[PDB]
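Single chain ahead, written as structure tokens, the form deposited in one PDB entry.
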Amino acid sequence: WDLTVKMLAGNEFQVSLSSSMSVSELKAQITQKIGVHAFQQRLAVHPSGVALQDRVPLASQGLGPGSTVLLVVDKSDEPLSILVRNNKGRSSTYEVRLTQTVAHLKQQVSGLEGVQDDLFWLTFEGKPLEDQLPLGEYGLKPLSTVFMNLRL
């Protein structure tokens, strides 16, 4: 549908939802417009003033065509240290930013483990990480442990 995104810091712009129309799709539109990552987006329904449900559909959330949502962007991109456990079980500390991509992390890991980046993939809390997405998308925190998986 046609949705208005009002910023407390900016002005406002429209967006269109074309499919199941979920919270993710919305953020994908925001990113399309201002280039800010999804995980850096803070959204609330206007004027109810309540944050959105990442699981609940926009429809059954008091949002539809002509509705307004409030957006505040998180700028900060301070480095933090995370752990990556290798095949043998040994973990190593990496200094990263939540805005860097999984692919970038892999390159770092690869360079440190002397293993071609294409011979393994990474996982966190059982779910694999996608090369094109930013680390912040998986809720990594200090000393979080990401696992290396050999494509053997």
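Quick note: we count residues from 1 along the sequence shown, nothing fancier.
The PDB entry records a higher mean C-alpha B factor for 84 to 92 than for its counterpart among 84 to 92 and 39 to 47. Look at the mean CA B-factor for 98 to 106 and for 66 to 74 in the entry; the higher one is 66 to 74.
Per-chain ranking of the deposited C-alpha B factor places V15 in the highest third. Among all modelled residues in this chain, the alpha-carbon of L119 has a temperature factor (C-alpha) in the middle third.
In the deposited entry, the Cα temperature factor of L135 places it in the lowest third of its chain's modelled residues. The PDB entry assigns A28 a C-alpha temperature factor belonging to the lowest third of its chain's modelled residues.
Beyond what is shown, the protein has a form deposited in another entry; the following relates to that form.
Hinge location among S91, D74, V102, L112 for the rigid parts moving between the shown form and the other one, by C-alpha fit switching from one part to the other: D74. A shift of at least 3 angstroms pushes the Cα atoms of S18 and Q132 further from each other in the other form than in the displayed structure.
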